[PDB]
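# Structural description and commentary
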Amino acid sequence: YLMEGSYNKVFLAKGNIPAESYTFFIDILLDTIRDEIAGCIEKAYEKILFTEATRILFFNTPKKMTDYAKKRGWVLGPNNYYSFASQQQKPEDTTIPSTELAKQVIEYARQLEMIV
Amino acid sequence: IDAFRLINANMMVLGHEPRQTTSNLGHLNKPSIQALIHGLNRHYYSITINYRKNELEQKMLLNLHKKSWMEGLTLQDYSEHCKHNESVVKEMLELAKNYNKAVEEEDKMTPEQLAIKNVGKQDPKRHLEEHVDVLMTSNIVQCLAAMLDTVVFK
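Residues numbered from 1 in each chain as written, not as in the entry; some residues may be left out. Chains lettered and ligands numbered in written order. Part of a larger assembly, values for the part shown. Heavy atoms only, no water.

## A closer look at the interface of chain B and chain A
- In this complex, chain B contributes eight residues to the contact, which on the side of chain A involves eight residues.
- Buried surface at the junction of chain B and chain A, both sides included, amounts to about 660 Å², of which 85% is carbon and sulfur.
- Interface area lost by chain B to chain A is led by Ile140, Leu144 and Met147 of chain B, which between them contribute 60%.
- Applying the counting rule to chain B against chain A returns zero salt bridges.
- Counting the contacts that link chain B with chain A gives two residue pairs in polar contact.
- Partitioning the side of chain B that touches chain A into residue classes produces seven nonpolar, one polar and no charged. (Contact = heavy atoms within 4.5 Å. Buried area = accessible area lost by both parts, 1.4 Å probe. Salt bridge = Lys/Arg side-chain N within 4 Å of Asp/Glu carboxyl O. Polar contact = N/O pair within 3.5 Å; in protein donor to acceptor, adjacent residues only side chain to side chain. Nonpolar A, V, L, I, M, F, W, Y, C, P; charged D, E, K, R; others polar.)

Here it is in structure tokens:
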């Protein structure tokens, strides 16, 4: 269930611990899910108010959200998570091909004319 | 070229053989039969020659004759090079159809016969690797020379 996106069925299994306590393992399983949603809050989202993504992990309203809102972006504002979905700087590269391909074109001519 | 010099016809009357060979350098080049029909060798002889060569001259006819300046830092009729990349490939289909023909008449009459017989018309097989060299160097040169001007010119 951790392999696919399913998170709620994971914590339905945190309502289902049958054998022994499993306490220290699911509490590490808390922490590796805490940064994961703090990782997956960083996708291309819109404004989220301070209720919706406030409760996607577990929490009601502690200052733990500011511990995540100042760790990454999505700036603390008027009931808002600000979206920095720019993804604009990297394209329009002729140069990165023009170094690599000029290598490759001569590499074509090596095993084309010179007998090996 | 074959420079010559006379021998006396008086010693031709004597029957005496001149010039007294004392070095292993004369009888290296053989005369033609047509010059042997003429007065060689009854009135004149041949001389072996070579050429005086020096950096004074040899360096400055090599590095002066076949030289160019822009023939290669330039592109080549950019709308028509790709057009010429169809002016060959179009008949290269039907020339491969002949190559989709001539192999099919093998396991047949002893292909030494397939040398004398095919002298009226063009074979696919030799002509089919002819354009492959042409369709390569026309492309690989023109692709590489374009991709340096992207780097060098800004």
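Structure's up, so let's keep going.
## Considering the nonpolar core
Residues and elements named next belong to chain A.
- Of all hydrophobic cores here, the largest spans 13 residues; its most connected members are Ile33, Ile37, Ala53 and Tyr81.
- Taken together, the elements giving at least two residues each to this core come down to α1 (8-12) and α2 (23-40).
- Here this core gets three residues from one element, more than from any other, and that element is α2.
- Discounting residues that sit within four places of it in the chain, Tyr81 has contacts with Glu46, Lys47, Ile48, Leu49, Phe50, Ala53, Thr54, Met65, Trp74 and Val75. (Core = buried A, V, L, I, M, F, W, Y, C linked by side-chain atoms within 4.5 Å. Buried < 20%, exposed > 50% of the residue type's maximum accessible area, 1.4 Å probe, protein only. Helix = DSSP H or I, 4+ residues; strand = E, 2+ residues; numbered from the N terminus.)

## A word on a negative patch on the surface
- A surface patch of like charges, here negative, comprises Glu104, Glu105, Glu106 and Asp107 of chain B.
- Relative to the helices and strands, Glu104 of chain B resides in the loop between α5 (89-99) and α6 (113-116). (Patch = residues over 30% accessible without salt bridge, like charges linked within 9 Å, V, L, I, M, F, W, Y side chains within 5 Å. Areas by Shrake-Rupley, 256 points an atom, 1.4 Å probe, with all protein chains shown as cover. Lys, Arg positive; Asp, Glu negative; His and termini not counted. Charge placed at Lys NZ, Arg CZ, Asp CG, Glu CD.)

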